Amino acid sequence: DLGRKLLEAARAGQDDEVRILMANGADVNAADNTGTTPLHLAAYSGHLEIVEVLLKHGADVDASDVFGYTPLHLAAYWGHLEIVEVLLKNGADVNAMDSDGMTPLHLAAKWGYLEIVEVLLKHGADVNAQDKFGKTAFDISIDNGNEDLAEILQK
């Protein structure tokens, strides 16, 4: 199965394998049983060139897995700033919400990623969005001790 090999090559950072697997016909939007696509795994694992190559070959930039995560969610949670920027440039919904109603801004706020937060705000991130616990990105930055971030989000 080329699809499963493409998922693992994207997770593992094997640039040449990703390209050769697709040249052999692997579906760029292959998904496992939970809706996880290669673009999800490259964004989680921080492999920028693979992200770019998958997008160039038509990967869904806004594919959402069974928990409602898009690649933008994973890149923001895992702190990969350049991948965050590349996904937005390719049409990623800055305000995509997972099944807990969390947006990429909520997830970058958890870890205090200032630069990712600034990029998301510049692209229209909704500072009023509340997750299912009634929390805004600001609330989350408060509850995780990210004072410098909370100063910026205090509108």
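Quick note: we count residues from 1 along the sequence shown, nothing fancier.
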*What stretch has the higher average Cα B-factor here, 82 to 90 or 126 to 134?*
126 to 134
_143 to 151 versus 9 to 17 - which carries the larger mean C-alpha B factor in the record_ = 143 to 151
*Based on the PDB record, which member of 100, 49, 60, 65 exhibits the highest Cα temperature factor?*
100
*For the C-alpha B-factor as written in the entry, point me to the maximum among 53, 114, 96, 39.*
114
*Going by what the PDB entry lists, where does residue 34 fall on CA B-factor within its chain: lowest, middle or highest third?*
middle
*CA B-factor placement of residue 43, once the chain's modelled residues are sorted into thirds*: lowest
